[PDB]
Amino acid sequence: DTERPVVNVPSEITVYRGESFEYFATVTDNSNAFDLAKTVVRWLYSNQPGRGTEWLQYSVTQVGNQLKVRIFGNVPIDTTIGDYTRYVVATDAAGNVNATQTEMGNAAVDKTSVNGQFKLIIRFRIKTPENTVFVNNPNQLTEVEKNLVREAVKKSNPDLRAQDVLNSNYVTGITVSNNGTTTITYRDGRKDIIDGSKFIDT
């Protein structure tokens, strides 16, 4: 047995602050025999969930000739928004691994991928304002009205901190168009858009 086990894991695992998550990976091997205790989910440097993502949990079972790796946890309300490279590293009974420590290191530095590699994305779960913002012209808000909109979005999303948005500044990170459509750009460059028509009226 020189054939390595193969992990099937989604390319992105997206989790939301203040919520639980649950995803699965699968492992197969020509031998159908595994070392479950040496099948882990980890960051590059050591067999650990990783700095900043200490809440990333996993558990492994065997179902027929495959492993199922449950990837789960509870995301703190104030963990950093952004993404991380993580790895499912599986071992077969013969000791073959899907990705070696050296391969993981090359992939990290070169920005290439190994089998079992996934991007862990921490997102904010945006909420549309509950209370309507009343404006004189819904197709052309005043600057005073756009600031009311920013305030409403901040009040409807109280766990969104200044350090969570672009440039760590609410004014740069939460931008309002002429019709009140609001883009929230997070510190990682990802964006959520709230269409003005869902909370703006005349």
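Numbering starts at 1 and runs along the sequence shown.
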Q) Looking only at CA atoms, which has the higher mean B factor in the entry: 24 to 32 or 141 to 149? A) 141 to 149
Q.
Tell me which stretch, 166 to 174 or 39 to 47, has the higher mean Cα B-factor listed in the entry.
A. 166 to 174
Q: Using the entry's values, work out which of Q57, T53, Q66, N136 has the largest Cα B factor.
A: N136
Q: Compare the C-alpha B factor of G18 with those of the other modelled residues in its chain, then answer lowest, middle or highest third.
A: middle
Q: Would you mind ranking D83 by its C-alpha B-factor against the rest of the chain and naming the third, lowest, middle or highest?
A: lowest
(Q) How does the C-alpha B factor of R161 compare with the rest of the chain: lowest, middle or highest third? (A) middle
Q. Lowest, middle or highest third: where is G116 by Cα B-factor in its chain?
A. lowest
Q | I184 - which third its CA temperature factor falls in, relative to the rest of the chain | A | middle
